[PDB]
């Protein structure tokens, strides 16, 4: 995964979304980079650097942590996505950036990042359609299930939006997020999603490598079976 000179294909994007691990230093009691390394070894197909909150790293310490996480992704051959921070994504030559409804406007971000991967968090049909129009390569829909990892989230929606989007003929790459575990991931894929994203199911697992491997194995099975 080098510098992109063309927009990523939908086929490739959907493959990358399979097991999308997201993490910040304040999401685990273990060593942050070590957990990321274990998740990648287990089978995570994409990683998002999400460092925010009161006890998250800032300044130079945050940048250095990001560099080490990006290096871990490079060693595993997995793309590195930055959450919220467009400047950081450009400065590190990240593979992509993820933004939400309260962040920089998607039109503005797409113009600033060229052909880098762009993900947009959506909670309604209107937002999903707007994201596609603005040039997003994928949308993150949720929260599917209850979650305490992110407090300022909108109402839990199950797989309702995923189903509605596919029903309207929209084929944009979709990843589900919010309280997803190895036990409840199947319905997300069966509803039409191209993958599942998670923080705590892997970051707080007593065995992150095994947890990631389990996710990878079952998601592959579900995608072939739906």
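Here, rigid core means the biggest group of C-alpha atoms that superpose within 1.5 Å across both forms. Positions refer to the first chain, counted from 1.
Consider 36-44 and 51-59 separately and indicate which one has Cα atoms farther, on average, from the shown form in 4 other deposited structures of this protein after rigid core alignment.
-> So, of the two stretches, the farther one in 4 other deposited structures of this protein is 51-59.
Decide, for the other PDB entries of this protein that were compared, whether residue 152 is missing from at least a third of their models.
-> Yes: coordinates for residue 152 absent from at least a third of the compared entries.
In the PDB record, does 189-197 or 162-170 carry the higher mean Cα temperature factor?
-> The recorded data point to 162-170.
Compare the mean C-alpha B-factor of 66-74 with that of 47-55 as given in the PDB entry, and name the stretch with the higher value.
-> The stretch with the larger average C-alpha B-factor is 47-55.
Candidate set 104, 121, 144, 90 [ranked by C-alpha B-factor, highest] = Comparing C-alpha B-factors across 104, 121, 144, 90, the maximum falls on 104.
Have a look at 133, 84, 137, 95 and flag the one whose Cα has the highest B-factor in the entry.
-> Comparing C-alpha B-factors across 133, 84, 137, 95, the top value belongs to 133.
Quick one: classify residue 35 as lowest, middle or highest third of the chain based on its Cα B-factor.
-> Tercile = lowest for this residue's CA B-factor.
Could you tell me which third, lowest, middle or highest, the C-alpha B-factor of residue 99 occupies within its chain?
-> Its C-alpha B-factor, which the entry lists for residue 99, ranks in the lowest third among residues of this chain.
Consider only the C-alpha atoms of the modelled residues in this chain, order them by B-factor as the entry records it, and name the third containing residue 12: lowest, middle or highest.
-> Tercile = highest for this residue's CA B-factor.
Taking the entry's C-alpha B-factors for this chain, is residue 210 in the lowest, middle or highest third?
-> Answer is highest: the recorded C-alpha B-factor places it there.
For residue 182, return the chain-relative third of its C-alpha B-factor as stated in the PDB record: lowest, middle or highest.
-> For residue 182, whose C-alpha B-factor we compare with every modelled residue in the chain, the answer is the highest third.
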